[PDB]
Every structure is written in C-alpha cells, then in structure tokens.
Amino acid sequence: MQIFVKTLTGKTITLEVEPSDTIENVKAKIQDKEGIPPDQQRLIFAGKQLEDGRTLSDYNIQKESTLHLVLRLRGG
C-alpha cells in the first residue's frame, strides 16, 4: 500500500509499505529514499509519536495515510 510522509521542508515523499511493517522498517525505507539516518527521524500520526518496535497496523494506519516526519538532534 502507498503512504505519504510529509517532511518539514515542504517535500512529501511516497512509500510502498505493508501494515505488518515495523516503524523501524519504515524509517529504513525513508533512509533509502531520502538519505536521512533513522535515529534522526521522529514520525507522528494522529497526534502520536510512533514507536520503532510497533507496526503500522498497531496504529491503524491505512492506505493513503500521511505521516509527519520531524528531524531531531542533527536534522532539526
């Protein structure tokens, strides 16, 4: 399924994911496409910070949803 990741630069990127994927795996996909190290990535959905060990499904993230990406420490 496709999801959107809205960054703070005004760029939105698209990802192909499964609801069984971990949040950790999603951050790896973002590093693959944009080059951002996972430990700099804070992902937010429905007002919740997403935990690396949980899955998209745990958060009820459905197709065509948008996550918000905020960068910490170095990227923020």
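Whichever C-alpha set is largest while still superposing within 1.5 Å between the two forms counts as the rigid core. Numbers for residues come from their place in the sequence shown, where the first is 1.
- Greater C-alpha displacement in 5 other deposited structures of this protein (rigid core superposition, RMS over structures and residues), of 57-65 versus 7-15: 7-15.
- Just going by the entry, 4-12 versus 67-75 on mean CA temperature factor gives the higher value to 67-75.
- Sorting the modelled residues of the chain by their CA temperature factor places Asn60 in the highest third.
- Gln41: CA B factor lies in the middle third for its chain, per the PDB record.
- When the CA B factors of the chain's modelled residues are split into thirds, the value for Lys29 lands in the middle one.
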